[PDB]
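For this one, two forms of the same chain are given in structure tokens, first as structure 1 and then as structure 2.
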Structure 1
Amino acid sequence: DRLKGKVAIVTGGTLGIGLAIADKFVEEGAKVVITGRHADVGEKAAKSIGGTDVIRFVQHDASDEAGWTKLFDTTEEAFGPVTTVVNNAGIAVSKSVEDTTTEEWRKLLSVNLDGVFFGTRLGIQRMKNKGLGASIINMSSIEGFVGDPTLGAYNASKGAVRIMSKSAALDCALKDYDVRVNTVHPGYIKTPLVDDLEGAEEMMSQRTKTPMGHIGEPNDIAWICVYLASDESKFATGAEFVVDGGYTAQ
């Protein structure tokens, strides 16, 4: 019951980290809408967690600005006022800054940065001043703290989310909106996508990358998000929560 009465939107909630967030949110009493681009994947995902009284799928691209106010409307029609937004949708490009095409740059930032902006802006507008204990959780990454030579655009996007989220936190706090904004920074997490890339998990598990010598699992990110969505974290805003197996500590 740690999220009793909460109503959450989890973007990119049909796979991996987002799916586990949705799963644990439902376990703790939240009602959840998960979004993703692909209907079959999303319908399967929602039903794996529960019925439509607690979780529903909505097809939506986080870069699709006009769809964001309809996503809130759909969620509120189902479950009542939204209390919790998890901006987790994202894509990656494996290119150095030097090698990044302008098309790649723009495509990644449209999802990873503009999408988070859209969800944060709308979340503040739709949740402020309602006594909801509202919480916006923006998914950055270890790549919001340190560079990676092969993730130039991705680093730009995660650094942007990191600091934009502080701006939003501060404005909400100063205006007594009853909305908190925080960032979560996963290290490497095992998912089917990582499993599809030969040698990725082993590279990420080297001690010079992850000191624990293995990578994490989606529930590792889910539980920090439960904390941040709950009223347990009512004094936490503007902060960065790193769950990375020691990656950034060395």
Structure 2
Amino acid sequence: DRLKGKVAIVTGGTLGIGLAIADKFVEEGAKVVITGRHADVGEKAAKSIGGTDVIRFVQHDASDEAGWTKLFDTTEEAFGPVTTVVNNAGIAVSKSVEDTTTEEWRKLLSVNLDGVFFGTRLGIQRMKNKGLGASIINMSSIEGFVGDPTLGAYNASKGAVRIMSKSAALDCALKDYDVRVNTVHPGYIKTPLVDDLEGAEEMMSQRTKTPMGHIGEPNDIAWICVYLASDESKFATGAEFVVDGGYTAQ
């Protein structure tokens, strides 16, 4: 319904937030290609949402530049012209700036920053001037707004994603590309990422962190992405959309 005729690429769409985004996208009429590095997890994820007439899994590392062009070619051949790109693939490292190894630093930014750049850049090139009502949704974080003492590299990547997206949004708007670029800034969401962050759920459920006294679910982010992907938000570009249970409000 709300995403009629839309064709979406959702990176890291096999687990957590990305899975829910893909799930709700298909539910609203969109055709979706999800990516991930693990094929077994990926195929199970895709089949869990629907058949290959609406959703397909493509194994792809978001930091793999050459693979991005093939990903677009695959999606377009399968479903027609890509209209929506969700740069969701991302990882977290639990290290202060002081304690961050250069290897940790480079690896996180390769995925969280370079991966988003690859998708956004190619997304603009491929979707511009085609009357698709194209939408690029880049997954930032509340960590793109505020800092965390043990998420140094993570903070850097999300701050980068936040502002880089504004540049793309402006360029597309000024050149009448019919492409919108926005960022989503989830608070803490119950996902495998958060499960891997030791004690994060109990600590961030505290009122001093999340005022609602609990963390969110992947569907909380799926629904704001549906809005941004749909023509409902045709006047929304370059903006930041925060779903965080009040985290950044205090």
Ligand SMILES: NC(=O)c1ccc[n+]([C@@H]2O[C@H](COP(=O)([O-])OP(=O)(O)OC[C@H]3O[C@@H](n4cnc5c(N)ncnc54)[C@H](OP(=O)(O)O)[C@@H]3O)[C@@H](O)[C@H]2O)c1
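Reference numbering: structure 1, starting with residue 1. Rigid core (definition): largest C-alpha set, two forms, superposition within 1.5 Å.
Of the two forms shown, the form solved without the named molecule is structure 1. Looking at CA displacements between structure 1 and structure 2 with the core superposed, a shift of 2 Å or more is confined, among 41, 200, 212, 54, to 200. If you overlay the core, the Cα of residue 191 moves by 2.1 Å between structure 1 and structure 2. Core fit done between structure 1 and structure 2; CA of residue 146 shifted by 0.2 Å.
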